Each structure stands twice: as structure tokens, then as C-alpha cells.
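Beneath this line is the structure, given in C-alpha cells, with notes to follow.
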Amino acid sequence: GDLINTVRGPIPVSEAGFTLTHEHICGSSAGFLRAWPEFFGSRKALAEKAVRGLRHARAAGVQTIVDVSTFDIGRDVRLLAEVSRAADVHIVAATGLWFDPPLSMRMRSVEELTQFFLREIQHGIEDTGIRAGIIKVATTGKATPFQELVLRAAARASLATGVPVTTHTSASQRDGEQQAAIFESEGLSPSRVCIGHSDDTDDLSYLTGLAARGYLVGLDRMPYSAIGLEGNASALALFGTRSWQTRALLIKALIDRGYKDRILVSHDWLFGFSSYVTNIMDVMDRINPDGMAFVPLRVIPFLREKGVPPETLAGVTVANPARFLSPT
Ligand SMILES: CCOP(O)(=S)OCC
Ligand SMILES: [Co+2]
Ligand SMILES: [Fe+2]
Numbered sequence: 034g035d036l037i038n039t040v041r042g043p044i045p046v047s048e049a050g051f052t053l054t055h056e057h058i059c060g061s062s063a064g065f066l067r068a069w070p071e072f073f074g075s076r077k078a079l080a081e082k083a084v085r086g087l088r089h090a091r092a093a094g095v096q097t098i099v100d101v102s103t104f105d106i107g108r109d110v111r112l113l114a115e116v117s118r119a120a121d122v123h124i125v126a127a128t129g130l131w132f133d134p135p136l137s138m139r140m141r142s143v144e145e146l147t148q149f150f151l152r153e154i155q156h157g158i159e160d161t162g163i164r165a166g167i168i169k170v171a172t173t174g175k176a177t178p179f180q181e182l183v184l185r186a187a188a189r190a191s192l193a194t195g196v197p198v199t200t201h202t203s204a205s206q207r208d209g210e211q212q213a214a215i216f217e218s219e220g221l222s223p224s225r226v227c228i229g230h231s232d233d234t235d236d237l238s239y240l241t242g243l244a245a246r247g248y249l250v251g252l253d254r255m256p257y258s259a260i261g262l263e264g265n266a267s268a269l270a271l272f273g274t275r276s277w278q279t280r281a282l283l284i285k286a287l288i289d290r291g292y293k294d295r296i297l298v299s300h301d302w303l304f305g306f307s308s309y310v311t312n313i314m315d316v317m318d319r320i321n322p323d324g325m326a327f328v329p330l331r332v333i334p335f336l337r338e339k340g341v342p343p344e345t346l347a348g349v350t351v352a353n354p355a356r357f358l359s360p361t
């Protein structure tokens, strides 16, 4: 009965299946893929790489990913549609703004930002008619004044449409608490909200505090680790020094504390990556050759071997996303 918008059109919520809720086809910038496709080798190479990756994830049991690339992550919805078709993996596109908005966005009011997010949800992205099924926002510490607007506009667009809101945080600085306060001041239900990059900290007081309030807790950087790369400053800074097993243990920690229905798991992976150092993609592909299959291939069995019941693992990877993505 319930429907979610994908880049290939509407699908029944029940067909979303095993869903990775924070992923990217390509992490880039507005206009960039159009202006400088050679940065990625070519558009064709980038698409082929993405299709091979999503097919690998599909073979591992992934049926849907949520591509949380916003306008300013250089989201290219035609690219998403082409790769979703070729790999036969659903992709839900995002609206919202991440932490690289250009001046034409930064100068906008909360009202004007709301109109923009609503356009992408209700009318379509660009001239494509492809509708966004989630709203992505971001802080990196205390919200800037503009980021406050963005979080408010995201709350208002969500209330209007029922589409959920997902966040980038600096987890170590406990951004979720301020994001939560702002969302609740707009009257948004915490069940419509996922506080992302929450596996970047082992602070369970912070994480259980959010979960107790009804937030979804996004443990979405599973394969990120610079262990063994500590001499590569840019890898260290982005990936951290905690192992994937350390990250995965948080899933179990939250389940053991009664919060199984409040967890979303993902990789934050990508197949192209121009908003960071050059050749960062090669470093990542060495760290995690399995790409977006890493969760089903490594994380889920690790949890199973620690005694997490299959029904609980299914609730986390299928029922939680379905509940989150269903417009409510
Ligand atoms: C390493 C990827 O980090 P993000 O979720 S902030 O996306 C970057 C495009
Ligand atoms: Co992020
Ligand atoms: Fe991301």
C-alpha cells in the first residue's frame, strides 16, 4: 500500500528489502561531473564502476540504497537512474544541503530553502521529474547560522511531505543533541529523523540519549578505518583509527540496550570521490574491496556470530529502513 520514490519511479515500501540508508554513487560538487567528467576517467567509466559495485552489493542481498548526495554533493540524478537500471538495485535520491553550499544557497531564507526542498520532493529534481525520497542536512560542530536555517527548512519540508530527514554529524562533538533540539522546536517527530555518522563515536551516553527520544541512530560508516595507513594523513583524518569490528559492536550495544528498532546501518561508500584528495578512491578501494557488499558479507555475520538473532538482524536491515522511508 505504502510507496517510496526512487530514481526509477515509485516502488511499494515492501519491495525495498535489505536497504543501505546512507550511501553515494559519487561524492562530488554541484556542476562538477558535467564540467570535468575526466576527473573520474570519464562519466562512462564512473557509471561502469558504479554498476559493478551495486551488482556486487545486489549479489550479497542488498536490494535498495539511499543515495544521500544533495545538490552540493553534486548529485546527478540521471547518473543514479542509469546505474540503478543497469544494476537492478533501487536508489532513493535526496534533497537538502550538506556542508558545501554555494553562495546562491547560503544567501537563502528558511522560507526559500523550504520551497527548494519541496520542489525536489514534490515536483522533481532539475527537469527530470525524479522525486527525492529523503532530506539530507549537515553540521560539523555547532551549526552555523545558515545550517540552522537548513535544519528548519528540512523539518518543515518533512512535515509537509512525510519524507524523513537524515544528518551528517561530527559525532565526536555530539552534534545530534543540537540537531534534535532544532528539529523538535519545529515540531518534527524524532521517528522521522536519523542522526548520521553515529558510529564515528563510542559515546553510548550520547547515542542512547538520542535513541531513548525516538531518533534513528545512523551507524553508517562501517568499513571506515585507517588502521595500517596511519602515515597517510588524509586517510587518517577521514577514516579514523577504530576498526570496523569496533564500529559493528555499536550495533550490538544498542540492540543489547533495547534499541534494535532505532538503528540504521550503512557504509557511506561511493564509487567516485572528487570533494577530497585526489586518488582517495584508490585508497578506499584497497581498504574495502567489497564496497557496498561489506555490510552483508562481514558485518551481518559478525553480529550473527556474537549471537544476534536473525529476526533482529532482519528488523535492522529491512523493517527499520522501511519504517523510516515510508512517508509518515
Ligand atoms: C567519506 C564520505 O563522507 P560524507 O558522508 S561527509 O560524504 C562525502 C561526500
Ligand atoms: Co557525511
Ligand atoms: Fe555521506
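The authors' numbering numbers the first residue of the sequence shown as 34 and each following residue consecutively. Every residue, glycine too, gets a C-beta built ideally from N, C-alpha and C.
Cut-off 7 Å between Cβ atoms - residues of its own chain near residue i, not counting five sequence neighbours on either side
{"i": "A281", "result": "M255, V332, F335, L336"}
{"i": "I260", "result": "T274, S276"}
{"i": "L184", "result": "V170, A176, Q212, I215, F216"}
{"i": "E181", "result": "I215"}
{"i": "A187", "result": "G129, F150, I168, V170, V198"}
{"i": "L113", "result": "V40, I58, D100, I124, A126"}
{"i": "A120", "result": "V84, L87, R88, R91"}
{"i": "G157", "result": "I163, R164"}
{"i": "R189", "result": "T147, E219"}
{"i": "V341", "result": "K285, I288"}
{"i": "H55", "result": "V99, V101, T199, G229, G251, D253, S299, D301"}
{"i": "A193", "result": "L151"}
{"i": "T345", "result": "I288, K293"}
Inter-residue CB distance, residue i and residue j (contact presumed, cutoff 8 Å)
{"i": "residue 21", "j": "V99", "result": "Since the first residue shown for the chain is 34 and the last is 361, residue 21 is missing from the structure and cannot be characterised."}
{"i": "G305", "j": "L79", "result": "5 Å"}
{"i": "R85", "j": "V122", "result": "About 12 Å; that fails the 8 Å criterion."}
{"i": "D233", "j": "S205", "result": "7 Å"}
{"i": "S359", "j": "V110", "result": "Incorrect: roughly 21 Å between the Cβ atoms, too far for contact."}
{"i": "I320", "j": "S258", "result": "7 Å"}
{"i": "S203", "j": "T172", "result": "7 Å"}
Helix, strand or coil at residue i according to DSSP, with G and I counted as helix
{"i": "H156", "result": "helix"}
{"i": "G129", "result": "strand"}
{"i": "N353", "result": "helix"}
{"i": "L297", "result": "strand"}
{"i": "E210", "result": "helix"}
{"i": "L221", "result": "coil"}
{"i": "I167", "result": "strand"}
{"i": "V332", "result": "helix"}
{"i": "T279", "result": "helix"}
{"i": "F51", "result": "coil"}
{"i": "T39", "result": "strand"}
{"i": "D121", "result": "coil"}
{"i": "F304", "result": "coil"}
{"i": "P70", "result": "helix"}
{"i": "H89", "result": "helix"}
{"i": "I44", "result": "strand"}
{"i": "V196", "result": "coil"}
{"i": "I58", "result": "coil"}
{"i": "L262", "result": "coil"}
{"i": "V250", "result": "strand"}
{"i": "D109", "result": "coil"}
{"i": "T103", "result": "coil"}
{"i": "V226", "result": "strand"}
{"i": "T202", "result": "coil"}
{"i": "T97", "result": "strand"}
{"i": "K77", "result": "helix"}
{"i": "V143", "result": "helix"}
{"i": "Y257", "result": "coil"}
Contact set for residue i: own chain, Cβ-Cβ below 6 Å, skip 5 residues either direction
{"i": "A93", "result": "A326, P329, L330"}
{"i": "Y248", "result": "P223, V226, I228"}
{"i": "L36", "result": "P43"}
{"i": "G195", "result": "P360, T361"}
Residues near residue i by beta carbon distance below 8 Å, same chain, minus five either side
{"i": "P343", "result": "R337"}
{"i": "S62", "result": "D105, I106, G107, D133, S307, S308"}
{"i": "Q96", "result": "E48, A49, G50, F51, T52, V122, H123"}
{"i": "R118", "result": "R41"}
{"i": "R76", "result": "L66, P70, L112"}
{"i": "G60", "result": "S102, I106, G107, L303, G305, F306, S307, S308, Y309"}
{"i": "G348", "result": "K293, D294"}
{"i": "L269", "result": "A259, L262, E263"}
{"i": "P135", "result": "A63, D105"}
{"i": "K82", "result": "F304, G305"}
- Item | the region 201-212 touching the region 235-245, judged by at least three CB pairs closer than 8 Å | Contact holds: three or more Cβ-Cβ distances are below 8 Å.
- Message: Which residues end up in the neighbourhood of ligand 2 when you take C-beta atoms closer than 6 Å to any of its heavy atoms?
- Response: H201, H230
- Would you call the region 349-358 and the region 292-308 touching, i.e. three or more CB-CB distances under 8 Å? yes
- Message: If contact is defined by three or more beta carbon pairs under 8 Å, each pair taking one atom from either stretch, is the region 58-78 in contact with the region 141-160?
- Response: no
- Decide if the region 216-230 is in contact with the region 148-162; the criterion is three or more beta carbon pairs, one per stretch, under 8 Å apart. no
- Just checking, does the region 36-53 make contact with the region 281-291 on the three C-beta pairs under 8 Å criterion? Taking 8 Å as the limit for Cβ pairs, the verdict is that the region 281-291 does not touch the region 36-53.
- Considering only heavy atoms of ligand 3, list every residue whose Cβ is less than 6 Å from one of them, following chain order. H55, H57, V101, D301
- Does the pairing of the region 100-119 with the region 129-139 give three or more beta-carbon distances under 8 Å? yes
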